[PDB]
Amino acid sequence: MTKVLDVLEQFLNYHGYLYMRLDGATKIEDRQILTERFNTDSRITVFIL
DNA sequence: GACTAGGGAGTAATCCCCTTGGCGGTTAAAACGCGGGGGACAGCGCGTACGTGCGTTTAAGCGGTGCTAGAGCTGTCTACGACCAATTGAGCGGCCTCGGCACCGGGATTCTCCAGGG
């Protein structure tokens with residue numbers, strides 16, 4: 001459920017976690033750069049899809 | 001006359017196709033905002049084309065007339081139209097194409113803007 005994602009988001013911001021998201025309302029190029037950035041790097045902790 | 005055999009309907013189980021709602025993904029149309037510029041409109045001047053006063057006539061209303069050819073109603077008949085159905089064919093109800101329409105691409109053609117010099 002998409003309504004769950006933001007429910008997680010304000011939760012994740014409550015714990016000071018570094019995270020990002022990917023759902024069906026994201027532009028294709030933004031989606032590709034997001035997954036490319038997540039493949040590298042290590043500070044970003046959780047990816048919610 | 002007593003009981004026997006078989007099949008479509010009565011009862012019933014199988015299938016299974018058909019949809020009710022909700023929810024997510026994704027493209028297209030609608031929604032919103034800015035730079036700038038062209039359309040709206042004021043201020044004005046004028047001239048010349050009507051707005052208006054008065055003289056001097058033709059003309060509709062006036063007042064009447066003597067009828068004259070077209071309009072309304074009186075018979076009267078008779079050519080014709082609204083009354084059954086057999087028909088039987090003119091035409092519609094349902095299906096099966098291939099062709100013109102749908103629509104997009106490569107190109108020639110054409111319509112428009114600018115910053116300069118000419």
# chains A, B, ... in the order shown; residues from 1 in each chain; ligands from 1
>>> residues_around(residues="residue 18 of chain A", least_positions_apart="3", cutoff="7 Å", atoms="only C-alpha atoms (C1' of nucleotides)", output="tab-separated table (two decimals) with N, CA, C and O atoms, in the first residue's frame")
chain	number	residue	atom	x	y	z
A	43	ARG	N	26.26	5.14	3.41
A	43	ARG	CA	25.57	5.87	4.47
A	43	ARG	C	24.06	5.66	4.40
A	43	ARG	O	23.40	5.53	5.43
A	44	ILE	N	23.50	5.65	3.19
A	44	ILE	CA	22.07	5.38	3.04
A	44	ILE	C	21.79	3.96	3.51
A	44	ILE	O	22.39	3.00	3.02
A	45	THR	N	20.88	3.82	4.47
A	45	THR	CA	20.70	2.57	5.18
A	45	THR	C	19.59	1.70	4.61
A	45	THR	O	19.80	0.50	4.39
A	46	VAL	N	18.40	2.25	4.37
A	46	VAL	CA	17.25	1.44	4.00
A	46	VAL	C	16.59	2.00	2.74
A	46	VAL	O	16.55	3.22	2.51
>>> interface_residues(of="chain A", to="chain B", cutoff="12 Å", atoms="only C-alpha atoms (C1' of nucleotides)", output="PyMOL selection string")
chain A and resi 1-3+23-28
>>> select_by_dssp(residues="chain A", states="helix (DSSP H, G or I)", output="list in words")
residues 2, 3, 4, 5, 6, 7, 8, 9, 10, 11, 12, 13, 14, 28, 29, 30, 31, 32, 33, 34, 35, 36, 37, 38 and 39 of chain A
>>> write_last_selection(atoms="N, CA and C atoms", output="PDB file, in the first residue's frame")
ATOM      1  N   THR A   2       0.576   2.179  -0.903  1.00  0.00           N
ATOM      2  CA  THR A   2       1.339   3.422  -0.961  1.00  0.00           C
ATOM      3  C   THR A   2       1.163   4.235   0.314  1.00  0.00           C
ATOM      4  N   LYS A   3      -0.035   4.194   0.904  1.00  0.00           N
ATOM      5  CA  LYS A   3      -0.288   4.922   2.142  1.00  0.00           C
ATOM      6  C   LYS A   3       0.588   4.434   3.284  1.00  0.00           C
ATOM      7  N   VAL A   4       1.180   3.245   3.157  1.00  0.00           N
ATOM      8  CA  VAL A   4       2.118   2.770   4.166  1.00  0.00           C
ATOM      9  C   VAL A   4       3.448   3.506   4.055  1.00  0.00           C
ATOM     10  N   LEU A   5       3.878   3.822   2.827  1.00  0.00           N
ATOM     11  CA  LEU A   5       5.228   4.343   2.616  1.00  0.00           C
ATOM     12  C   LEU A   5       5.478   5.601   3.439  1.00  0.00           C
ATOM     13  N   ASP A   6       4.610   6.605   3.299  1.00  0.00           N
ATOM     14  CA  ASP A   6       4.775   7.824   4.083  1.00  0.00           C
ATOM     15  C   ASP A   6       4.649   7.544   5.572  1.00  0.00           C
ATOM     16  N   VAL A   7       3.812   6.574   5.949  1.00  0.00           N
ATOM     17  CA  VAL A   7       3.739   6.155   7.345  1.00  0.00           C
ATOM     18  C   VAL A   7       5.109   5.700   7.825  1.00  0.00           C
ATOM     19  N   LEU A   8       5.829   4.954   6.985  1.00  0.00           N
ATOM     20  CA  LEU A   8       7.205   4.606   7.313  1.00  0.00           C
ATOM     21  C   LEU A   8       8.100   5.836   7.315  1.00  0.00           C
ATOM     22  N   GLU A   9       7.877   6.760   6.374  1.00  0.00           N
ATOM     23  CA  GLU A   9       8.802   7.875   6.194  1.00  0.00           C
ATOM     24  C   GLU A   9       8.900   8.722   7.456  1.00  0.00           C
ATOM     25  N   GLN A  10       7.757   9.183   7.970  1.00  0.00           N
ATOM     26  CA  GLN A  10       7.772   9.948   9.211  1.00  0.00           C
ATOM     27  C   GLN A  10       8.274   9.115  10.379  1.00  0.00           C
ATOM     28  N   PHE A  11       8.156   7.789  10.297  1.00  0.00           N
ATOM     29  CA  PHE A  11       8.808   6.930  11.276  1.00  0.00           C
ATOM     30  C   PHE A  11      10.320   6.966  11.100  1.00  0.00           C
ATOM     31  N   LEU A  12      10.789   6.815   9.858  1.00  0.00           N
ATOM     32  CA  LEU A  12      12.225   6.777   9.607  1.00  0.00           C
ATOM     33  C   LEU A  12      12.884   8.101   9.973  1.00  0.00           C
ATOM     34  N   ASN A  13      12.231   9.218   9.651  1.00  0.00           N
ATOM     35  CA  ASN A  13      12.743  10.518  10.059  1.00  0.00           C
ATOM     36  C   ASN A  13      12.731  10.685  11.571  1.00  0.00           C
ATOM     37  N   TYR A  14      11.870   9.948  12.277  1.00  0.00           N
ATOM     38  CA  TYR A  14      11.851  10.027  13.733  1.00  0.00           C
ATOM     39  C   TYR A  14      13.097   9.404  14.346  1.00  0.00           C
ATOM     40  N   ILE A  28      11.157   7.961 -14.596  1.00  0.00           N
ATOM     41  CA  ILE A  28      12.007   6.830 -14.966  1.00  0.00           C
ATOM     42  C   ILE A  28      13.477   7.166 -14.744  1.00  0.00           C
ATOM     43  N   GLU A  29      13.904   8.345 -15.202  1.00  0.00           N
ATOM     44  CA  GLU A  29      15.294   8.744 -15.015  1.00  0.00           C
ATOM     45  C   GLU A  29      15.630   8.880 -13.535  1.00  0.00           C
ATOM     46  N   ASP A  30      14.723   9.475 -12.757  1.00  0.00           N
ATOM     47  CA  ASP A  30      14.940   9.578 -11.319  1.00  0.00           C
ATOM     48  C   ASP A  30      15.034   8.198 -10.682  1.00  0.00           C
ATOM     49  N   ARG A  31      14.192   7.265 -11.129  1.00  0.00           N
ATOM     50  CA  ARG A  31      14.251   5.893 -10.636  1.00  0.00           C
ATOM     51  C   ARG A  31      15.613   5.267 -10.911  1.00  0.00           C
ATOM     52  N   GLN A  32      16.114   5.433 -12.137  1.00  0.00           N
ATOM     53  CA  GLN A  32      17.392   4.832 -12.502  1.00  0.00           C
ATOM     54  C   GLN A  32      18.541   5.439 -11.706  1.00  0.00           C
ATOM     55  N   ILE A  33      18.561   6.767 -11.560  1.00  0.00           N
ATOM     56  CA  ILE A  33      19.634   7.376 -10.779  1.00  0.00           C
ATOM     57  C   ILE A  33      19.519   7.002  -9.305  1.00  0.00           C
ATOM     58  N   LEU A  34      18.300   6.827  -8.789  1.00  0.00           N
ATOM     59  CA  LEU A  34      18.141   6.419  -7.397  1.00  0.00           C
ATOM     60  C   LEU A  34      18.693   5.018  -7.169  1.00  0.00           C
ATOM     61  N   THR A  35      18.355   4.074  -8.052  1.00  0.00           N
ATOM     62  CA  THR A  35      18.876   2.721  -7.878  1.00  0.00           C
ATOM     63  C   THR A  35      20.386   2.670  -8.099  1.00  0.00           C
ATOM     64  N   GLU A  36      20.911   3.479  -9.027  1.00  0.00           N
ATOM     65  CA  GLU A  36      22.356   3.538  -9.219  1.00  0.00           C
ATOM     66  C   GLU A  36      23.055   4.084  -7.981  1.00  0.00           C
ATOM     67  N   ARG A  37      22.503   5.143  -7.383  1.00  0.00           N
ATOM     68  CA  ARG A  37      23.101   5.705  -6.178  1.00  0.00           C
ATOM     69  C   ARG A  37      23.032   4.718  -5.020  1.00  0.00           C
ATOM     70  N   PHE A  38      21.925   3.978  -4.906  1.00  0.00           N
ATOM     71  CA  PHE A  38      21.825   3.009  -3.821  1.00  0.00           C
ATOM     72  C   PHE A  38      22.787   1.846  -4.013  1.00  0.00           C
ATOM     73  N   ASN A  39      23.057   1.458  -5.263  1.00  0.00           N
ATOM     74  CA  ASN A  39      23.989   0.359  -5.499  1.00  0.00           C
ATOM     75  C   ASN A  39      25.373   0.682  -4.949  1.00  0.00           C
TER      76      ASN A  39
END
>>> select_by_dssp(residues="chain A", states="strand (DSSP E)", output="list in words")
residues 19, 20, 21, 46, 47 and 48 of chain A
